[PDB]
Amino acid sequence: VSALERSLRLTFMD
Amino acid sequence: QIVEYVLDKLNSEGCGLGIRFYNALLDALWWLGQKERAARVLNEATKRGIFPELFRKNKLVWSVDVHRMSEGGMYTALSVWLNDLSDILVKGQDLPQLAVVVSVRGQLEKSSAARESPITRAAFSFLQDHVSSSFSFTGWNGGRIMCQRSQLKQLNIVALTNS
């Protein structure tokens, strides 16, 4: 789980 | 108009036949040098109803789906998708967080087998030799080609001509 995937998941989940 | 009327007449046997017919004609048009004709036929096919998953536009992701297409149809779809991506960055109407290519969809995504799939390698090579080393793979999915918004900021890209 990279920071890129974490940021994408953060945006999509928000 | 004769062509559009014959297409409308043919669009009555079912989407199952329509998708295969469009795959065949798009492959023929792409590999016979009729890239512009392939683009216009794909455009008239999209508003007809065939390939409903082809394009997605939103603040999150701009996507192109090619797993159901042939090699020729994928190239035509990629050619017009890259061109539409270049249309933005000319206006101040923001940019999606991600641009993706759904090369492989299904169980193969969570495996390294989809890495060597003909669709995946074909799409990757097309993107690499058209827009340089900007569209990289995904570190979490084995069948997607991704490009972050930062790499989109630095990004008519494909020349469509009739032979």
# chains A, B, ... in the order shown; residues from 1 in each chain; ligands from 1

call {"tool": "interface_residues", "arguments": {"of": "chain A", "to": "chain B", "cutoff": "9 Å", "atoms": "only C-alpha atoms", "output": "PyMOL selection string"}}
result
chain A and resi 1-2+4-5+8+11-12

call {"tool": "residues_around", "arguments": {"residues": "region 22-38 of chain B", "least_positions_apart": "5", "cutoff": "6 Å", "atoms": "only C-alpha atoms", "output": "list in words"}}
result
residues 72, 73, 160, 161, 162 and 163 of chain B

call {"tool": "write_last_selection", "arguments": {"atoms": "N, CA, C and O atoms", "output": "short mmCIF file (atom, residue, chain, number, x, y, z; two decimals), in the first residue's frame"}}
result
data_model
loop_
_atom_site.label_atom_id
_atom_site.label_comp_id
_atom_site.auth_asym_id
_atom_site.auth_seq_id
_atom_site.Cartn_x
_atom_site.Cartn_y
_atom_site.Cartn_z
N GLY B 72 -7.42 -3.86 -32.77
CA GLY B 72 -7.68 -2.69 -33.60
C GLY B 72 -8.63 -1.71 -32.94
O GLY B 72 -8.40 -0.50 -32.96
N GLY B 73 -9.71 -2.22 -32.35
CA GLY B 73 -10.65 -1.35 -31.66
C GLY B 73 -10.05 -0.65 -30.46
O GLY B 73 -10.38 0.51 -30.18
N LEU B 160 -4.75 11.24 -36.85
CA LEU B 160 -5.75 10.41 -37.52
C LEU B 160 -5.87 10.88 -38.96
O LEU B 160 -6.30 12.00 -39.23
N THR B 161 -5.47 10.01 -39.90
CA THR B 161 -5.50 10.34 -41.31
C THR B 161 -6.02 9.15 -42.10
O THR B 161 -5.94 8.00 -41.65
N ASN B 162 -6.54 9.43 -43.29
CA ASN B 162 -7.02 8.41 -44.21
C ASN B 162 -5.94 8.12 -45.24
O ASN B 162 -5.38 9.04 -45.84
N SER B 163 -5.64 6.84 -45.43
CA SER B 163 -4.60 6.43 -46.38
C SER B 163 -5.02 6.73 -47.81
O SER B 163 -5.58 5.88 -48.50
#

call {"tool": "residues_around", "arguments": {"residues": "residue 86 (chain B)", "least_positions_apart": "6", "cutoff": "9 Å", "atoms": "only C-alpha atoms", "output": "number ranges by chain"}}
result
B: 155-157

call {"tool": "write_last_selection", "arguments": {"atoms": "N, CA and C atoms", "output": "PDB file, in the first residue's frame"}}
result
ATOM      1  N   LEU B 155       1.725  16.600 -19.197  1.00  0.00           N
ATOM      2  CA  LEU B 155       1.412  15.987 -20.482  1.00  0.00           C
ATOM      3  C   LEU B 155       0.992  17.026 -21.516  1.00  0.00           C
ATOM      4  N   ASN B 156      -4.611  17.372 -29.739  1.00  0.00           N
ATOM      5  CA  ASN B 156      -4.165  16.526 -30.841  1.00  0.00           C
ATOM      6  C   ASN B 156      -2.855  15.823 -30.502  1.00  0.00           C
ATOM      7  N   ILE B 157      -2.957  14.592 -30.010  1.00  0.00           N
ATOM      8  CA  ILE B 157      -1.788  13.786 -29.689  1.00  0.00           C
ATOM      9  C   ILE B 157      -1.537  12.715 -30.742  1.00  0.00           C
TER      10      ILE B 157
END

call {"tool": "residues_around", "arguments": {"residues": "region 45-50 of chain B", "least_positions_apart": "4", "cutoff": "7 Å", "atoms": "only C-alpha atoms", "output": "list in words"}}
result
residues 15, 18, 19 and 41 of chain B

call {"tool": "atom_distance", "arguments": {"atom1": "CA of residue 134 (chain B)", "atom2": "CA of residue 85 (chain B)"}}
result
13.2 Å

call {"tool": "select_by_dssp", "arguments": {"residues": "region 75-150 of chain B", "states": "helix (DSSP H, G or I)", "output": "count of residues only"}}
result
37

call {"tool": "select_by_dssp", "arguments": {"residues": "region 52-127 of chain B", "states": "strand (DSSP E)", "output": "ChimeraX atom specification"}}
result
/B:55-56,61-65,98-102

call {"tool": "atom_distance", "arguments": {"atom1": "CA of residue 143 (chain B)", "atom2": "CA of residue 108 (chain B)"}}
result
7.4 Å

call {"tool": "closest_residue", "arguments": {"among": "B:132, B:103, B:93, B:1", "to": "residue 116 (chain B)", "atoms": "only C-alpha atoms"}}
result
B:103

call {"tool": "residues_around", "arguments": {"residues": "residue 78 (chain B)", "least_positions_apart": "6", "cutoff": "12 Å", "atoms": "only C-alpha atoms", "output": "mmCIF file with C-alpha atoms, in the first residue's frame"}}
result
data_model
loop_
_atom_site.group_PDB
_atom_site.id
_atom_site.type_symbol
_atom_site.label_atom_id
_atom_site.label_comp_id
_atom_site.auth_asym_id
_atom_site.auth_seq_id
_atom_site.Cartn_x
_atom_site.Cartn_y
_atom_site.Cartn_z
ATOM 1 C CA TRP B 30 -7.527 0.602 -38.192
ATOM 2 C CA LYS B 35 -7.832 5.845 -38.745
ATOM 3 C CA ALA B 38 -12.360 4.249 -37.578
ATOM 4 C CA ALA B 39 -12.653 7.213 -35.204
ATOM 5 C CA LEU B 42 -16.529 4.518 -33.180
ATOM 6 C CA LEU B 54 -15.994 2.685 -23.064
ATOM 7 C CA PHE B 55 -15.638 6.098 -21.392
ATOM 8 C CA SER B 63 -11.177 5.841 -17.870
ATOM 9 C CA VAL B 64 -11.131 3.900 -21.131
ATOM 10 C CA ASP B 65 -12.265 0.264 -21.125
ATOM 11 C CA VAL B 66 -10.845 -2.081 -23.766
ATOM 12 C CA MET B 69 -12.486 -4.826 -27.614
ATOM 13 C CA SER B 70 -10.090 -6.224 -30.193
ATOM 14 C CA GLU B 71 -6.549 -4.978 -30.787
ATOM 15 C CA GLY B 72 -7.681 -2.688 -33.599
ATOM 16 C CA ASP B 84 -9.793 14.189 -25.649
ATOM 17 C CA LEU B 85 -7.320 14.277 -22.752
ATOM 18 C CA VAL B 100 -6.694 4.873 -16.220
ATOM 19 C CA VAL B 101 -6.877 2.245 -18.957
ATOM 20 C CA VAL B 102 -8.873 -0.891 -18.090
ATOM 21 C CA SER B 103 -6.818 -3.349 -20.113
ATOM 22 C CA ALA B 122 -0.590 -3.785 -26.651
ATOM 23 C CA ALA B 123 -2.138 -0.888 -24.726
ATOM 24 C CA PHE B 124 1.080 -0.301 -22.776
ATOM 25 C CA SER B 125 3.215 -0.243 -25.926
ATOM 26 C CA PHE B 126 0.760 2.064 -27.709
ATOM 27 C CA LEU B 127 0.763 4.509 -24.795
ATOM 28 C CA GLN B 128 4.547 4.286 -24.408
ATOM 29 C CA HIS B 130 2.674 7.746 -28.303
ATOM 30 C CA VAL B 131 2.948 9.757 -25.060
ATOM 31 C CA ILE B 145 -2.390 1.495 -16.847
ATOM 32 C CA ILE B 157 -1.788 13.786 -29.689
ATOM 33 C CA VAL B 158 -2.487 10.974 -32.179
ATOM 34 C CA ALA B 159 -2.597 11.804 -35.888
ATOM 35 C CA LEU B 160 -5.751 10.408 -37.517
#
